[PDB]
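The structure appears right after this line, and notes come after that.
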Amino acid sequence: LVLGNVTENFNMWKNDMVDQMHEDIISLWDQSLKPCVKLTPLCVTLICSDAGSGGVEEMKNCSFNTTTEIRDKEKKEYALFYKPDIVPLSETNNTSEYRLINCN
Amino acid sequence: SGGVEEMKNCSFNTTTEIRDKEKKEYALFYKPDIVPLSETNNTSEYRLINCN
Amino acid sequence: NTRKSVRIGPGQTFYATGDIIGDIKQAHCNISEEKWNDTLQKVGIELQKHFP
Amino acid sequence: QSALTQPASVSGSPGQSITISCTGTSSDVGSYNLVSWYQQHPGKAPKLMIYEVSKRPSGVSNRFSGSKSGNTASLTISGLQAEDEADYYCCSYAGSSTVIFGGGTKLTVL
Amino acid sequence: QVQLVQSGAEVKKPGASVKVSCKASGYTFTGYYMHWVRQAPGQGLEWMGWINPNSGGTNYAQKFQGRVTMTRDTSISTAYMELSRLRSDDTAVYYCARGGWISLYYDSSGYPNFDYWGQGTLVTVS
Ligand SMILES: *[C@@H]1O[C@H](CO)[C@@H](O[C@@H]2O[C@H](CO)[C@@H](O[C@@H]3O[C@H](CO[C@H]4O[C@H](CO[C@H]5O[C@H](CO)[C@@H](O)[C@H](O)[C@@H]5O)[C@@H](O)[C@H](O[C@H]5O[C@H](CO)[C@@H](O)[C@H](O)[C@@H]5O)[C@@H]4O)[C@@H](O)[C@H](O[C@H]4O[C@H](CO)[C@@H](O)[C@H](O)[C@@H]4O[C@H]4O[C@H](CO)[C@@H](O)[C@H](O)[C@@H]4O[C@H]4O[C@H](CO)[C@@H](O)[C@H](O)[C@@H]4O)[C@@H]3O)[C@H](O)[C@H]2NC(C)=O)[C@H](O)[C@H]1NC(C)=O
Ligand SMILES: *[C@@H]1O[C@H](CO)[C@@H](O[C@@H]2O[C@H](CO)[C@@H](O[C@@H]3O[C@H](CO)[C@@H](O)[C@H](O)[C@@H]3O)[C@H](O)[C@H]2NC(C)=O)[C@H](O)[C@H]1NC(C)=O
Ligand SMILES: *[C@@H]1O[C@H](CO)[C@@H](O[C@@H]2O[C@H](CO)[C@@H](O)[C@H](O)[C@H]2NC(C)=O)[C@H](O)[C@H]1NC(C)=O
Ligand SMILES: *[C@@H]1O[C@H](CO)[C@@H](O)[C@H](O)[C@H]1NC(C)=O
Ligand SMILES: *[C@@H]1O[C@H](CO)[C@@H](O)[C@H](O)[C@H]1NC(C)=O
Ligand SMILES: *[C@@H]1O[C@H](CO)[C@@H](O)[C@H](O)[C@H]1NC(C)=O
Ligand SMILES: *[C@@H]1O[C@H](CO)[C@@H](O)[C@H](O)[C@H]1NC(C)=O
């Protein structure tokens with residue numbers, strides 16, 4: 001509904017509802033990641049080599065020793081991780097040991 | 001150095017930011033926080049009073 | 001000494017005692033003797049009303 | 001964290017007031033009031049002459065007065081004789097249970 | 001009265017170890033600290049750490065890093081210094097001095113109040 005002859009001083013950069021929307025979206029994204037978290041036991045050494053056929057420019061396969069649903073036994077598993085997601089760990093030039101970026 | 005009447009050293013190993021390998025750390029804990037778990041006469045196998 | 005920061009897991013940092021700079025001494029509390037003595041005297045004076 | 005700064009030597013006629021001062025940082029003199037002074041004859045052991053910052057020990061004539069001001073501690077002597085020709089040193093509580101001694105002066109009589 | 005006596009003068013070689021004793025007589029030595037200072041011939045004074053005669057607690061100054069060890073015994077009333085890895089810079093005279101009062105309630109270790117001293121041992125190296 002358009003009003004009759006009202007003049008009102010607006011402002012854009014001093015707005016409470018922008019801050020309210022930002023805090024609501026942040027709290028909603030905090031709430032949506034609550035009941036399903038499943039990547040804390042992946043903080044292990046990843047023995048990453050070059051990928052298949054020698055023509056891959058972004059991925060290394062990063063085979064790791066992981067824990068199955070049974071606690072006593074383990075098994076060998078491989079993947080495909082990206083280069084910005086993977087950070088090597090060493091005190092020297094060790095080209096066959098890498099680490100996931102969020103464990104640090 | 002010398003001897004402290006209330007503090008034990010209690011060096012322990014702990015988990016680093018990766019799961020696979022362990023690192024050795026140390027602290028100094030008070031005497032009423034440290035309990036000797038022992039089924040024998042061992043005077044260096046201690047634990048915290050929490051974990052019971 | 002300080003809160004020696006020891007890291008456990010991905011992000012948890014607990015603070016534990018380091019060494020002790022200097023000599024070790026007792027941790028004590030000090031209460032004046034004459035004030036405590038006549039405080040107990042006044043408490044006895046008042047409590048003697050309830051016990052003849 | 002070196003030694004306290006100190007004049008190399010001082011001179012004075014008998015009966016003339018002589019002031020000796022040593023300067024330190026904020027962690028040596030400017031925070032703790034434990035600043036003592038020692039003299040020694042050449043070839044002999046040192047001897048205490050001033051307590052914590054300004055107090056006189058027993059068996060000492062009332063001629064040595066010590067004072068501090070900010071980061072500087074000074075010792076003032078009036079009525080000098082020929083027996084005051086000695087080497088004078090500063091010391092202070094340096095923190096973390098350590099003691100730092102001064103450079104030292106030499107007093108020349110006239 | 002109160003006297004502090006030390007050992008005799010010692011001549012050594014570089015790389016060896018020197019031992020300086022200090023006997024305290026005239027007072028109960030288990031209630032007072034004992035500090036050690038160093039005097040090079042023609043230079044100022046340098047301070048090494050203190051020894052607590054009751055519980056054997058030690059402190060050491062910097063640029064030493066545990067290359068000097070101080071110990072004591074309560075039987076013969078004598079304090080000991082074991083200085084190792086000698087050098088030509090360490091040609092000096094060593095004194096033992098009586099410090100503050102052990103009080104069991106405050107830290108009186110760093111009090112620079114030295115009354116009584118030994119006559120000093122001359123340690124020279126080739
Ligand atoms: C909570 O409460 C507790 C109490 O339960 C608190 O704990 C107390 O804290 C205070 C802190 O001030 C301590 O006080 C110190 O006391 C000692 C006393 O020991 C000596 O004095 C005895 C007699 O002195 C008494 O009487 C005289 C008068 O006759 C009086 O002037 C004096 O103040 C005192 O009241 C001696 O008998 C005793 O000798 C005994 O032991 C010998 C062991 O070897 C033995 O041989 C003897 O035969 C005898 O059995 C002992 O010598 C004081 O020494 C000390 O005062 C020093 O330090 C302060 C601060 O620097 C300084 O201002 C003083 O001037 C004095 O400085 C001297 O320090 C060195 C002491 O030798 C010395 O190296 C210095 O040169 C300096 O000069 C003295 O010696 C020269 C040379 O001899 C002399 O000419 C001078 O006159 C001078 O005396 C403290 O006052 C309490 O001891 C302590 N209580 C206990 C149980 O430990 C606690 O602090 C509270 N906490 C809180 C948070 O509140
Ligand atoms: C009780 O213990 C604490 C912790 O060790 C002592 O604090 C430390 O005091 C020393 C003074 O000797 C500080 O060293 C100085 O640090 C400054 C920093 O800029 C430096 O410029 C000086 O040259 C000197 O090295 C040390 O930093 C300080 N520690 C901390 C964590 O602040 C304290 O002195 C002890 N109490 C007593 C009465 O000695
Ligand atoms: C990534 O590299 C690893 C090397 O560890 C490969 O793992 C094995 O590759 C051989 C080759 O075919 C297979 O026979 C094995 O079965 C693989 N191991 C497992 C546990 O399956 C992995 O195949 C590579 N990934 C590719 C090429 O996509
Ligand atoms: C708003 O004010 C103007 C000025 O008098 C007037 O002409 C106009 O009719 C007003 N608007 C309404 C809806 O009355
Ligand atoms: C995981 O793989 C096998 C399975 O037990 C094991 O021999 C190996 O040592 C483990 N660790 C690594 C880093 O491969
Ligand atoms: C602790 O972990 C380390 C890993 O380096 C290991 O060598 C040691 O045997 C473990 N146990 C104790 C009691 O130190
Ligand atoms: C451990 O806990 C039990 C009860 O759960 C208790 O009876 C026992 O005394 C505790 N151990 C110690 C050493 O206090």
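Ordered as shown in the structure tokens, chains take letters A, B, and onward, while each chain numbers its residues from 1 and ligands are numbered from 1 in the order shown.
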
Quick check: residues of chain B within 8 Å of chain E, only C-alpha atoms, returned as a list in words.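 Using only C-alpha atoms, chain B residues at most 8 Å from chain E: residues 1, 2 and 3 of chain B.
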
Throw together the list of residues within 8 Å of ligand 7, counting only C-alpha atoms and all ligand atoms, and drop it here as a list in words.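 The residues within 8 Å of ligand 7, counting only C-alpha atoms and all ligand atoms, are residues 35, 36, 37, 49 and 52 of chain B.
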
Would you kindly return, as a ChimeraX atom specification, each protein, DNA or RNA residue with an atom no farther than 12 Å from any atom of residue 19 (chain C), considering only C-alpha atoms and excluding same-chain residues fewer than 6 positions away? /B:1,3-4,7-9,26-29 /C:1-4

Please identify all polymer residues within 10 Å of residue 4 (chain E), counting only C-alpha atoms, omitting same-chain residues fewer than 2 positions from it, and present them as a list in words. residues 2, 6, 22, 23, 24, 25, 26, 78, 95, 96, 97, 98, 116, 117, 118, 119 and 120 of chain E

Can you write out as JSON lines which residues of chain A fall within 7 Å of ligand 5, alongside each residue's closest atom pair and its distance in Å to one decimal, counting only C-alpha atoms and all ligand atoms and ordering rows by chain and ascending residue number?
```
{"residue": "A:45", "atom": "CA", "partner": "ligand 5", "partner_atom_place_in_ligand_line": "13 (C)", "distance": 6.3}
{"residue": "A:64", "atom": "CA", "partner": "ligand 5", "partner_atom_place_in_ligand_line": "14 (O)", "distance": 6.2}
{"residue": "A:65", "atom": "CA", "partner": "ligand 5", "partner_atom_place_in_ligand_line": "1 (C)", "distance": 4.0}
{"residue": "A:74", "atom": "CA", "partner": "ligand 5", "partner_atom_place_in_ligand_line": "5 (O)", "distance": 6.0}
{"residue": "A:75", "atom": "CA", "partner": "ligand 5", "partner_atom_place_in_ligand_line": "4 (C)", "distance": 5.5}
{"residue": "A:76", "atom": "CA", "partner": "ligand 5", "partner_atom_place_in_ligand_line": "2 (O)", "distance": 5.2}
```
